[PDB]
Amino acid sequence: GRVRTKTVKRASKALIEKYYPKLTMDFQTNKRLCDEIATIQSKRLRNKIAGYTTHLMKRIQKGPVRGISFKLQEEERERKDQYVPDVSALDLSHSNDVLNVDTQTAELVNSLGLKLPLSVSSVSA
Amino acid sequence: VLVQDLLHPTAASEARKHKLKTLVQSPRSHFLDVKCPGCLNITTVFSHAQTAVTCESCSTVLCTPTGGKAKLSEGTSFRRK
Amino acid sequence: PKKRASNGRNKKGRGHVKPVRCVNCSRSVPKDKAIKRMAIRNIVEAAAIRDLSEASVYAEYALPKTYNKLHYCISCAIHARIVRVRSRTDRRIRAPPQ
Amino acid sequence: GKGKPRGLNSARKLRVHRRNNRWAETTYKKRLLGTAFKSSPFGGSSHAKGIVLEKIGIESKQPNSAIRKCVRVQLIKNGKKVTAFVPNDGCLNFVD
Amino acid sequence: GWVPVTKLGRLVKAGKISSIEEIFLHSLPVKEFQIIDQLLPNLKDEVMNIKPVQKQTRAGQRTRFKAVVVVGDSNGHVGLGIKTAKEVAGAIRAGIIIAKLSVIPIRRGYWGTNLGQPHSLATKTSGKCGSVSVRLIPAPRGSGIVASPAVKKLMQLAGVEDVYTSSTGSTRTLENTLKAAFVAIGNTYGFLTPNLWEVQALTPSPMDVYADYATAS
Amino acid sequence: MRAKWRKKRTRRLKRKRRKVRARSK
Amino acid sequence: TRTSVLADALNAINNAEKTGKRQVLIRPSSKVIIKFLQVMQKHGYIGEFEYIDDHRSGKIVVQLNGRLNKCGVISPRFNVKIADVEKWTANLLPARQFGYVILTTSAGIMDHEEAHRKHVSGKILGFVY
Amino acid sequence: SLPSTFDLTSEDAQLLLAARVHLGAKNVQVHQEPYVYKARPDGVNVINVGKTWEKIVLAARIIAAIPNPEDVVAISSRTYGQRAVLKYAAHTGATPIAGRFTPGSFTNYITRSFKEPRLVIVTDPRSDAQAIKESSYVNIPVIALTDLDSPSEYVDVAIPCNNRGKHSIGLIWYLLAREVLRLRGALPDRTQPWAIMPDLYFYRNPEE
Amino acid sequence: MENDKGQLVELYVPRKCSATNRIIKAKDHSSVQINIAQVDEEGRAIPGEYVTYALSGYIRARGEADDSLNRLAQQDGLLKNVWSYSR
RNA sequence: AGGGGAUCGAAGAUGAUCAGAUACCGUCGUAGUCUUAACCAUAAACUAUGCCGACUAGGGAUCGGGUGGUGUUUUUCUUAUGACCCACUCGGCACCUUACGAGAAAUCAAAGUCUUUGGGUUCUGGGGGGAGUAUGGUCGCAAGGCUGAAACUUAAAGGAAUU
Ligand SMILES: [Mg+2]
Ligand SMILES: [Mg+2]
Ligand SMILES: [Mg+2]
Ligand SMILES: [Mg+2]
Ligand SMILES: [Mg+2]
Ligand SMILES: [Mg+2]
Ligand SMILES: [Mg+2]
Ligand SMILES: [Mg+2]
Ligand SMILES: [Mg+2]
Ligand SMILES: [Mg+2]
Ligand SMILES: [Zn+2]
Ligand SMILES: [Zn+2]
């Protein structure tokens with residue numbers, strides 16, 4: 001029976017976006033925050049919104065969630081992103097020099113007019 | 001596509017194209033100098049025979065006819081003219 | 001208008017295809033407008049297998065399958081839900097579902 | 001393409017074909033068979049004088065309903081019998 | 001007043017684009033109708049017709065009104081707008097806007113000898129929409145518009161003085177005819193005529209010269 | 001009425017007509 | 001049967017132009033066709049064209065600038081009688097300023113303007129604009 | 001023309017080879033592609049890498065010519081490229097679109113994701129077809145990372161590539177970024193191999 | 001086009017596609033202008049100076065736009081043997 | 001008109017079902033179904049797309065042939081065929097995706113290269129009914145076929161799509 005409406009969920013999302021710092025975990029505090037910030041007309045509606053926010057918060061502390069933005073999450077993502085392998089995947093060190101190429105590839109390289117450390121096979125069907 | 005030199009195309013492409021459909025029509029067939037394993041005589045056999053061509057001196061049958069290119073008689077050795 | 005570009009038949013290069021009779025009602029239908037469902041049923045029903053096995057002399061026995069191709073005149077097929085009415089956009093799919 | 005012949009010496013075919021086709025055009029057919037003279041109560045003429053046989057009220061076709069006030073006339077020129085509508089509200093009692 | 005979405009609109013507001021000519025040249029998409037208003041102050045709006053357009057429901061039938069509007073001055077600019085709404089006035093208004101948005105240029109030309117100021121079209125141009133094919137033919141001076149009243153009005157709006165027409169198909173469905181006419185008019189530019197042979201500069205677009213004036217910061 | 005049936009009817013009529021003609025002859 | 005060669009050539013050219021190609025391969029090739037091409041070249045509707053020798057009929061490679069918006073033969077070569085040229089022009093050409101009706105006269109193959117200048121007429125061939 | 005520094009120098013070529021840009025053309029082949037150089041006896045066609053490099057350079061030259069950094073839109077719907085796109089955006093000026101495109105983005109001046117680009121770069125025509133289509137409606141040029149299989153409709157400048165990829169797309173993106181930067185003058189020299197890694201682009205699934 | 005008193009009429013002269021020579025129309029919302037920047041020494045890409053190419057919508061729609069662009073480039077020397085004349 | 005006549009079966013019988021049911025369903029069942037000599041000349045004899053020719057756009061299939069593969073297998077040692085495999089190529093039955101072209105649209109690689117109208121040709125149509133009727137020919141043993149009207153009548157008959 002209990003499924004939340006647009007006017008609850010959307011509002012909750014907006015709240016989360018605005019105020020992820022200072023909108024934290026437990027219900028009563030969240031409710032109070034809602035009362036302070038949002039201009040909610042009814043009490044019941046406000047309560048519902050608060051509940052939804054709490055739920056969202058709970059969900060958050062287990063991984064990121066779609067549609068929900070907030071400025072800390074973005075920062076975290078950015079931080080995560082800036083990772084480089086020291087060796088590199090295109091280093092050729094894993095192949096122990098002489099990058100594994102085909103005959104055709106070798107020919108192409110030759111035709112370009114370039115000197116490269118090459119290792120040549122054949123490959124057939 | 002759009003812009004091409006239709007006059008002098010790539011050789012490979014021309015080769016790929018059907019005889020007739022090339023820039024100027026030319027045969028894909030050729031003539032052969034056929035050496036029979038026995039006697040020292042050279043006969044000029046067309047690659048797409050139709051007739052069972054024998055050496056002019058001795059009856060040996062150098063080529064047998066097929067659909068397109070004719071088949072040579074194993075003991076025989078050819079050289080493209 | 002043309003409901004089908006195939007005309008619901010599958011012949012084109014032919015001219016006359018010999019008719020097969022319907023397996024359900026004997027409505028003579030061309031061998032291409034025919035709806036051919038090839039039924040490989042097991043000769044013994046799935047629930048009655050165990051009993052048969054128990055009965056049988058020579059344990060580890062093959063138990064054969066019965067084979068027949070069935071030809072349904074299209075109306076019959078429609079009735080018996082072998083074929084269903086599809087949307088204009090998805091009539092086009094010639095590949096079997098499974 | 002195009003169904004017709006085009007060649008500079010076709011002419012005759014174009015003519016004859018056109019002539020043949022013309023007969024499917026109804027007015028032309030009427031003109032040529034002369035159905036204005038042979039059939040039709042007026043002998044291909046704009047007007048005709050006749051003698052009034054009797055006055056007949058005719059019931060109109062559908063959507064409408066009203067007795068129309070027509071007159072059965074026998075024409076002087078040939079003797080053919082025709083129905084003729086008498087226009088305007090009174091007018092039927094001008095005929096006899 | 002007005003506040004513009006789209007860079008072009010902003011540019012127009014600024015005053016960085018002086019005439020619609022530039023827009024026409026660089027095929028820039030006009031998506032705000034106010035631009036047209038700004039650049040062409042002298043647009044007369046002709047409502048061609050209003051017709052009922054119906055949809056069967058379980059209860060009665062929904063009737064909507066189709067407004068067909070032609071827009072233009074007399075200097076080679078015409079727009080054509082079709083709009084359906086339930087209110088008639090509203091429909092008309094929307095149609096006007098649509099027409100404005102559409103607005104196209106015309107290649108006005110001479111019949112024979114370029115004595116002074118072009119009167120006709122430069123080339124025999126056709127336009128086809130639905131079944132209606134509208135052929136427009138360059139007429140000699142002082143022969144007027146020779147057209148079905150609908151097309152004639154459009155021609156007048158465009159600023160063509162003398163033109164022959166050959167509308168064929170089911171011209172009675174007026175909207176289609178109008179569309180065809182519009183298409184034909186459009187076609188006048190896009191015909192490669194010997195007095196257009198020679199290659200020109202390729203100017204940088206007003207969207208690129210004033211890239212900084214574009215976008216609200 | 002189906003066209004085929006109409007045709008059939010016509011044919012039937014024509015047979016009778018033919019018979020009549022024959023009789024007359 | 002290839003009833004008209006010139007017509008075929010013209011159609012091919014048209015097809016090439018419409019699809020935006022910069023070169024055509026005309027396949028049977030004649031005197032008449034060549035003459036027609038030359039007229040176009042003179043009027044600047046076409047680039048350099050060259051005749052491949054097959055030792056049989058021929059083959060023409062034509063470069064298209066893009067200016068030519070329609071060729072077109074008028075097929076049953078009607079005998080045009082000097083005062084009749086005007087009517088043809090009115091019919092076939094898109095304007096009164098430009099475009100050419102190509103007509104074979106005993107003075108040679110030329111555009112209508114040239115014919116007028118020379119005061120000759122003959123059978124019609126095609127048109128270009 | 002380019003003054004000799006813009007030749008395919010060995011290191012770059014090596015990198016490309018490692019990525020396997022040259023490899024993934026697939027057996028099936030679009031007729032609008034003469035970027036082919038031989039066909040490996042197995043069936044997989046080999047892309048001419050010099051040509052690809054040249055194309056990339058050309059693209060960069062275009063990108064540089066756009067006066068305002070934000071007016072360039074980089075798009076990817078396919079996951080193997082989203083990260084790369086983001087990286088490119090970060091490095092260049094560039095507005096990114098990752099994942100869902102949202103139709104009526106270039107058209108529809110009411111949308112919140114409404115962009116007015118003057119150049120669009122795409123990872124694939126095949127998968128980000130919608131974006132390409134939209135571009136058509138509003139006169140905006142499309143640089144696309146086509147392999148020898150993807151359709152060339154509305155693609156103005158194609159970079160012959162690998163779209164099976166994983167590494168390759170990312171690498172290409174990185175290269176594009178780098179060249180653009182060089183053109184700008186943000187990287188003062190052309191000889192110096194740039195501080196950051198090609199690996200900084202790429203793509204990694206949730207693993208931590 | 002041209003009036004008898006010398007001076008031009010013709011409200012604007014239209015752009016022609018650099019690939020086909022075919023005229024680009026006013027509501028040709030498919031056509032494009034490619035700007036390719038003039039390069040200098042140390043790369044550096046000269047500010048506010050470029051080679052421009054107009055492409056009609058039609059070619060783009062067809063697909064042979066890219067090829068055309070390449071061709072255009074390799075006659076102003078912006079590319080070095082990418083497009084070959086003999087295919 | 002002979003021969004054959006197993007099955008299936010216009011007519012017929014005949015049992016049900018229905019208000020009726022010499023209709024559907026059931027059971028029989030002459031003619032026919034098969035054939036030999038004649039005749040008949042029509043079918044939604046349909047791709048409802050006349051034939052010949054040129055050109056425009058990709059893509060795989062597939063059948064017939066032919067080329068090139070130190071390609072795979074066969075094995076009686078090289079084999080040599082054959083069968084595959086790949087690539088190309090003419091001819092065919094089709095099909096898939098786009099149309100930048102067509103079209104009233106459904107749809108169409110032709111139904112495209114048509115108001116930017118002309119490659120060559122044969123046939124057919126000119127609102128719906130009356131009517132494929134009347135009549136006159138002619139061909140048929142006959143059934144019928146080919147040919148084919150008009151008077152009069154009528155504001156619609158139709159096509160493709162829509163909610
Ligand atoms: Mg139906
Ligand atoms: Mg056959
Ligand atoms: Mg049949
Ligand atoms: Mg009975
Ligand atoms: Mg009974
Ligand atoms: Mg029965
Ligand atoms: Mg018939
Ligand atoms: Mg028929
Ligand atoms: Mg009739
Ligand atoms: Mg219907
Ligand atoms: Zn010997
Ligand atoms: Zn059945």
# chains A, B, ... in the order shown; residues from 1 in each chain; ligands from 1
$ residues_near_ligand --ligand "ligand 2" --cutoff "10 Å" --atoms "only C-alpha atoms (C1' of nucleotides) and all ligand atoms" --output "number ranges by chain"
C: 12-15; J: 92-93
$ residues_near_ligand --ligand "ligand 6" --cutoff "12 Å" --atoms "only C-alpha atoms (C1' of nucleotides) and all ligand atoms" --output "ChimeraX atom specification"
/J:8-10,14-15,23-29
$ atom_distance --atom1 "atom CA of residue A:46" --atom2 "atom CA of residue A:31"
7.3 Å
$ residues_near_ligand --ligand "ligand 12" --cutoff "9 Å" --atoms "only C-alpha atoms (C1' of nucleotides) and all ligand atoms" --output "short mmCIF file (atom, residue, chain, number, x, y, z; two decimals) with N, CA, C and O atoms, in the first residue's frame"
data_model
loop_
_atom_site.label_atom_id
_atom_site.label_comp_id
_atom_site.auth_asym_id
_atom_site.auth_seq_id
_atom_site.Cartn_x
_atom_site.Cartn_y
_atom_site.Cartn_z
N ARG C 21 -2.63 -31.71 -47.47
CA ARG C 21 -3.87 -31.66 -46.70
C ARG C 21 -3.56 -31.29 -45.25
O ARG C 21 -2.47 -31.58 -44.75
N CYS C 22 -4.53 -30.66 -44.59
CA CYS C 22 -4.39 -30.29 -43.18
C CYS C 22 -4.47 -31.53 -42.28
O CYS C 22 -5.28 -32.43 -42.51
N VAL C 23 -3.61 -31.56 -41.26
CA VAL C 23 -3.53 -32.68 -40.32
C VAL C 23 -4.70 -32.67 -39.33
O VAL C 23 -5.04 -33.71 -38.76
N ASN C 24 -5.32 -31.51 -39.16
CA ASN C 24 -6.45 -31.34 -38.25
C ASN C 24 -7.81 -31.54 -38.92
O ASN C 24 -8.64 -32.32 -38.42
N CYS C 25 -8.05 -30.86 -40.04
CA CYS C 25 -9.37 -30.84 -40.69
C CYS C 25 -9.38 -31.18 -42.19
O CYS C 25 -10.45 -31.21 -42.80
N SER C 26 -8.20 -31.43 -42.76
CA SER C 26 -8.00 -31.82 -44.18
C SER C 26 -8.27 -30.71 -45.21
O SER C 26 -8.48 -31.01 -46.40
N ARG C 27 -8.24 -29.45 -44.77
CA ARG C 27 -8.35 -28.30 -45.66
C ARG C 27 -7.09 -28.23 -46.52
O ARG C 27 -6.00 -27.91 -46.02
N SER C 28 -7.24 -28.56 -47.81
CA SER C 28 -6.12 -28.63 -48.76
C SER C 28 -5.41 -27.29 -48.86
O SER C 28 -6.00 -26.29 -49.29
N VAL C 29 -4.14 -27.28 -48.46
CA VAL C 29 -3.36 -26.04 -48.41
C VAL C 29 -2.01 -26.21 -49.14
O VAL C 29 -1.39 -27.27 -49.02
N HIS C 71 1.04 -30.50 -40.57
CA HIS C 71 0.68 -29.46 -41.53
C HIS C 71 -0.68 -28.86 -41.18
O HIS C 71 -1.71 -29.51 -41.37
N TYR C 72 -0.68 -27.63 -40.69
CA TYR C 72 -1.92 -26.96 -40.31
C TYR C 72 -2.33 -25.90 -41.32
O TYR C 72 -1.57 -24.96 -41.57
N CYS C 73 -3.53 -26.04 -41.89
CA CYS C 73 -4.16 -24.94 -42.64
C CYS C 73 -4.26 -23.76 -41.69
O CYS C 73 -4.50 -23.95 -40.49
N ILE C 74 -4.07 -22.55 -42.21
CA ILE C 74 -3.72 -21.42 -41.38
C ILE C 74 -4.80 -21.13 -40.35
O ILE C 74 -4.46 -20.80 -39.21
N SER C 75 -6.06 -21.27 -40.76
CA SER C 75 -7.20 -21.04 -39.89
C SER C 75 -7.13 -21.94 -38.66
O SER C 75 -7.31 -21.49 -37.51
N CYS C 76 -6.85 -23.21 -38.95
CA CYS C 76 -6.74 -24.24 -37.90
C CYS C 76 -5.65 -23.86 -36.91
O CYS C 76 -5.86 -23.96 -35.69
N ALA C 77 -4.52 -23.44 -37.46
CA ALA C 77 -3.35 -23.03 -36.66
C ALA C 77 -3.74 -21.89 -35.73
O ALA C 77 -3.40 -21.91 -34.53
#
$ atom_distance --atom1 "atom CA of residue G:10" --atom2 "atom CA of residue D:1"
15.9 Å
$ select_by_dssp --residues "stretch 21-95 of chain C" --states "strand (DSSP E or B)" --output "VMD selection string"
chain C and resid 29 to 30 36 to 42 65 to 71
$ residues_near_ligand --ligand "ligand 8" --cutoff "12 Å" --atoms "only C-alpha atoms (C1' of nucleotides) and all ligand atoms" --output "PDB file with N, CA, C and O atoms (P, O5', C5', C4', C3', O3' and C1' of nucleotides), in the first residue's frame"
ATOM      1  P     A J  43     -11.624 -15.382 -67.438  1.00  0.00           P
ATOM      2  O5'   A J  43     -11.303 -16.101 -66.052  1.00  0.00           O
ATOM      3  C5'   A J  43      -9.953 -16.440 -65.672  1.00  0.00           C
ATOM      4  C4'   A J  43      -9.922 -16.942 -64.251  1.00  0.00           C
ATOM      5  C3'   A J  43      -8.685 -16.546 -63.453  1.00  0.00           C
ATOM      6  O3'   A J  43      -8.899 -15.293 -62.813  1.00  0.00           O
ATOM      7  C1'   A J  43      -9.020 -18.888 -63.288  1.00  0.00           C
ATOM      8  P     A J  44      -8.325 -13.930 -63.454  1.00  0.00           P
ATOM      9  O5'   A J  44      -7.533 -13.269 -62.240  1.00  0.00           O
ATOM     10  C5'   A J  44      -8.088 -13.277 -60.911  1.00  0.00           C
ATOM     11  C4'   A J  44      -7.061 -13.771 -59.914  1.00  0.00           C
ATOM     12  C3'   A J  44      -7.076 -15.267 -59.598  1.00  0.00           C
ATOM     13  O3'   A J  44      -5.772 -15.679 -59.199  1.00  0.00           O
ATOM     14  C1'   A J  44      -7.482 -14.063 -57.628  1.00  0.00           C
ATOM     15  P     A J  45      -4.890 -16.610 -60.142  1.00  0.00           P
ATOM     16  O5'   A J  45      -4.598 -15.660 -61.388  1.00  0.00           O
ATOM     17  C5'   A J  45      -5.058 -15.987 -62.708  1.00  0.00           C
ATOM     18  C4'   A J  45      -4.032 -16.837 -63.407  1.00  0.00           C
ATOM     19  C3'   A J  45      -3.156 -16.097 -64.413  1.00  0.00           C
ATOM     20  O3'   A J  45      -2.019 -15.516 -63.785  1.00  0.00           O
ATOM     21  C1'   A J  45      -4.104 -17.998 -65.446  1.00  0.00           C
ATOM     22  P     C J  46      -1.543 -14.039 -64.195  1.00  0.00           P
ATOM     23  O5'   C J  46      -1.080 -13.412 -62.805  1.00  0.00           O
ATOM     24  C5'   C J  46       0.169 -13.788 -62.195  1.00  0.00           C
ATOM     25  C4'   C J  46       0.230 -13.294 -60.767  1.00  0.00           C
ATOM     26  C3'   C J  46      -0.033 -14.340 -59.685  1.00  0.00           C
ATOM     27  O3'   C J  46       0.855 -14.110 -58.592  1.00  0.00           O
ATOM     28  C1'   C J  46      -1.537 -12.541 -59.425  1.00  0.00           C
ATOM     29  P     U J  47       2.320 -14.779 -58.558  1.00  0.00           P
ATOM     30  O5'   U J  47       3.247 -13.595 -58.023  1.00  0.00           O
ATOM     31  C5'   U J  47       3.032 -12.995 -56.729  1.00  0.00           C
ATOM     32  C4'   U J  47       3.357 -11.516 -56.760  1.00  0.00           C
ATOM     33  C3'   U J  47       2.340 -10.612 -57.454  1.00  0.00           C
ATOM     34  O3'   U J  47       2.289  -9.359 -56.775  1.00  0.00           O
ATOM     35  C1'   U J  47       4.447 -10.325 -58.458  1.00  0.00           C
ATOM     36  P     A J  48       1.042  -8.971 -55.844  1.00  0.00           P
ATOM     37  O5'   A J  48      -0.172  -8.882 -56.870  1.00  0.00           O
ATOM     38  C5'   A J  48      -0.167  -7.938 -57.957  1.00  0.00           C
ATOM     39  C4'   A J  48      -0.939  -8.504 -59.127  1.00  0.00           C
ATOM     40  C3'   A J  48      -1.215  -7.548 -60.285  1.00  0.00           C
ATOM     41  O3'   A J  48      -1.404  -8.280 -61.495  1.00  0.00           O
ATOM     42  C1'   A J  48      -3.241  -8.040 -59.154  1.00  0.00           C
ATOM     43  P     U J  49      -0.168  -8.597 -62.467  1.00  0.00           P
ATOM     44  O5'   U J  49       0.598  -7.203 -62.560  1.00  0.00           O
ATOM     45  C5'   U J  49       1.806  -7.086 -63.332  1.00  0.00           C
ATOM     46  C4'   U J  49       2.427  -5.721 -63.147  1.00  0.00           C
ATOM     47  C3'   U J  49       3.921  -5.635 -63.467  1.00  0.00           C
ATOM     48  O3'   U J  49       4.267  -4.384 -64.071  1.00  0.00           O
ATOM     49  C1'   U J  49       3.546  -4.813 -61.317  1.00  0.00           C
ATOM     50  P     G J  50       3.996  -4.088 -65.633  1.00  0.00           P
ATOM     51  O5'   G J  50       4.510  -5.408 -66.365  1.00  0.00           O
ATOM     52  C5'   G J  50       3.586  -6.381 -66.895  1.00  0.00           C
ATOM     53  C4'   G J  50       3.875  -6.674 -68.349  1.00  0.00           C
ATOM     54  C3'   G J  50       5.332  -6.710 -68.778  1.00  0.00           C
ATOM     55  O3'   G J  50       6.015  -7.892 -68.375  1.00  0.00           O
ATOM     56  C1'   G J  50       4.054  -5.570 -70.407  1.00  0.00           C
ATOM     57  P     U J 124      -6.090  -2.604 -76.849  1.00  0.00           P
ATOM     58  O5'   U J 124      -6.352  -2.173 -75.338  1.00  0.00           O
ATOM     59  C5'   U J 124      -6.913  -3.103 -74.392  1.00  0.00           C
ATOM     60  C4'   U J 124      -6.792  -2.571 -72.986  1.00  0.00           C
ATOM     61  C3'   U J 124      -7.593  -1.317 -72.670  1.00  0.00           C
ATOM     62  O3'   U J 124      -8.972  -1.590 -72.436  1.00  0.00           O
ATOM     63  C1'   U J 124      -5.419  -1.154 -71.727  1.00  0.00           C
TER      64        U J 124
END
$ residues_around --residues "stretch 30-46 of chain C" --least-positions-apart "5" --cutoff "7 Å" --atoms "only C-alpha atoms (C1' of nucleotides)" --output "NGL selection string"
:C and (8-11 or 17-20 or 64-74)
$ write_last_selection --atoms "N, CA, C and O atoms" --output "mmCIF file, in the first residue's frame"
data_model
loop_
_atom_site.group_PDB
_atom_site.id
_atom_site.type_symbol
_atom_site.label_atom_id
_atom_site.label_comp_id
_atom_site.auth_asym_id
_atom_site.auth_seq_id
_atom_site.Cartn_x
_atom_site.Cartn_y
_atom_site.Cartn_z
ATOM 1 N N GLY C 8 2.122 -14.172 -47.655
ATOM 2 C CA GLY C 8 1.833 -15.190 -46.645
ATOM 3 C C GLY C 8 2.166 -16.605 -47.075
ATOM 4 O O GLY C 8 1.793 -17.563 -46.395
ATOM 5 N N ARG C 9 2.894 -16.727 -48.184
ATOM 6 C CA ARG C 9 3.121 -18.008 -48.842
ATOM 7 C C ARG C 9 4.542 -18.541 -48.716
ATOM 8 O O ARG C 9 4.742 -19.618 -48.157
ATOM 9 N N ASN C 10 5.510 -17.774 -49.231
ATOM 10 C CA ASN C 10 6.895 -18.223 -49.464
ATOM 11 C C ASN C 10 6.994 -19.140 -50.696
ATOM 12 O O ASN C 10 7.100 -20.365 -50.571
ATOM 13 N N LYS C 11 6.946 -18.532 -51.883
ATOM 14 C CA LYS C 11 7.282 -19.234 -53.132
ATOM 15 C C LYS C 11 8.098 -18.394 -54.129
ATOM 16 O O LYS C 11 9.258 -18.723 -54.393
ATOM 17 N N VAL C 17 3.008 -24.768 -56.319
ATOM 18 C CA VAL C 17 3.482 -25.690 -55.289
ATOM 19 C C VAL C 17 2.343 -26.653 -54.960
ATOM 20 O O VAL C 17 1.208 -26.224 -54.718
ATOM 21 N N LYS C 18 2.661 -27.947 -54.972
ATOM 22 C CA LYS C 18 1.702 -29.031 -54.738
ATOM 23 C C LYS C 18 1.055 -28.921 -53.351
ATOM 24 O O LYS C 18 1.757 -28.652 -52.375
ATOM 25 N N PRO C 19 -0.280 -29.116 -53.258
ATOM 26 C CA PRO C 19 -0.921 -28.933 -51.955
ATOM 27 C C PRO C 19 -0.810 -30.139 -51.023
ATOM 28 O O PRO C 19 -0.902 -31.289 -51.465
ATOM 29 N N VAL C 20 -0.588 -29.847 -49.743
ATOM 30 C CA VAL C 20 -0.693 -30.822 -48.657
ATOM 31 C C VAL C 20 -2.026 -30.609 -47.917
ATOM 32 O O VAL C 20 -2.515 -29.475 -47.791
ATOM 33 N N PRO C 64 12.487 -44.903 -27.034
ATOM 34 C CA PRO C 64 12.529 -44.110 -28.268
ATOM 35 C C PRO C 64 11.612 -42.881 -28.259
ATOM 36 O O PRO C 64 10.756 -42.746 -27.380
ATOM 37 N N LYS C 65 11.823 -41.993 -29.230
ATOM 38 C CA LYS C 65 10.961 -40.833 -29.451
ATOM 39 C C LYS C 65 10.163 -41.045 -30.732
ATOM 40 O O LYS C 65 10.666 -41.649 -31.685
ATOM 41 N N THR C 66 8.918 -40.567 -30.746
ATOM 42 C CA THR C 66 8.095 -40.616 -31.963
ATOM 43 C C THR C 66 8.188 -39.302 -32.759
ATOM 44 O O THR C 66 8.154 -38.208 -32.183
ATOM 45 N N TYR C 67 8.325 -39.436 -34.077
ATOM 46 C CA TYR C 67 8.586 -38.307 -34.973
ATOM 47 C C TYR C 67 7.467 -38.129 -35.991
ATOM 48 O O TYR C 67 7.087 -39.088 -36.675
ATOM 49 N N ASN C 68 6.942 -36.905 -36.077
ATOM 50 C CA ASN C 68 6.059 -36.486 -37.180
ATOM 51 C C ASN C 68 6.046 -34.978 -37.444
ATOM 52 O O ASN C 68 6.104 -34.162 -36.510
ATOM 53 N N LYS C 69 5.988 -34.639 -38.732
ATOM 54 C CA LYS C 69 5.797 -33.272 -39.197
ATOM 55 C C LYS C 69 4.301 -33.044 -39.378
ATOM 56 O O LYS C 69 3.610 -33.867 -39.994
ATOM 57 N N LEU C 70 3.807 -31.934 -38.834
ATOM 58 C CA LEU C 70 2.379 -31.612 -38.876
ATOM 59 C C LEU C 70 2.108 -30.409 -39.771
ATOM 60 O O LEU C 70 2.845 -29.420 -39.734
ATOM 61 N N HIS C 71 1.044 -30.503 -40.566
ATOM 62 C CA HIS C 71 0.681 -29.461 -41.525
ATOM 63 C C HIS C 71 -0.681 -28.864 -41.185
ATOM 64 O O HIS C 71 -1.710 -29.511 -41.365
ATOM 65 N N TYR C 72 -0.682 -27.630 -40.690
ATOM 66 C CA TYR C 72 -1.924 -26.962 -40.307
ATOM 67 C C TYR C 72 -2.328 -25.898 -41.319
ATOM 68 O O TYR C 72 -1.566 -24.959 -41.570
ATOM 69 N N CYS C 73 -3.529 -26.037 -41.888
ATOM 70 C CA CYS C 73 -4.155 -24.943 -42.640
ATOM 71 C C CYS C 73 -4.260 -23.761 -41.686
ATOM 72 O O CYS C 73 -4.496 -23.949 -40.487
ATOM 73 N N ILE C 74 -4.073 -22.553 -42.212
ATOM 74 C CA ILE C 74 -3.720 -21.418 -41.376
ATOM 75 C C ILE C 74 -4.799 -21.126 -40.352
ATOM 76 O O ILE C 74 -4.456 -20.801 -39.213
#
$ residues_near_ligand --ligand "ligand 1" --cutoff "9 Å" --atoms "only C-alpha atoms (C1' of nucleotides) and all ligand atoms" --output "ChimeraX atom specification"
/C:1-3
$ write_last_selection --atoms "N, CA and C atoms" --output "CSV table (one decimal), in the first residue's frame"
chain,number,residue,atom,x,y,z
C,1,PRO,N,-5.1,-3.5,-49.4
C,1,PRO,CA,-3.6,-3.4,-49.6
C,1,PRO,C,-3.0,-4.8,-49.4
C,2,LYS,N,-1.7,-4.9,-49.7
C,2,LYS,CA,-0.9,-6.1,-49.4
C,2,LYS,C,-0.7,-6.1,-47.9
C,3,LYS,N,-1.2,-7.1,-47.2
C,3,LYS,CA,-0.9,-7.3,-45.8
C,3,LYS,C,0.5,-7.8,-45.6
$ residues_near_ligand --ligand "ligand 10" --cutoff "9 Å" --atoms "only C-alpha atoms (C1' of nucleotides) and all ligand atoms" --output "PyMOL selection string"
(chain C and resi 1) or (chain J and resi 158-161)
$ residues_around --residues "stretch 58-74 of chain J" --least-positions-apart "6" --cutoff "12 Å" --atoms "only C-alpha atoms (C1' of nucleotides)" --output "VMD selection string"
(chain A and resid 124 to 125) or (chain B and resid 15 to 19 28 to 29 48 66 to 70) or (chain C and resid 13) or (chain H and resid 28 to 32 41 to 42 149 151 to 152) or (chain I and resid 62 to 63) or (chain J and resid 80 to 99 109)
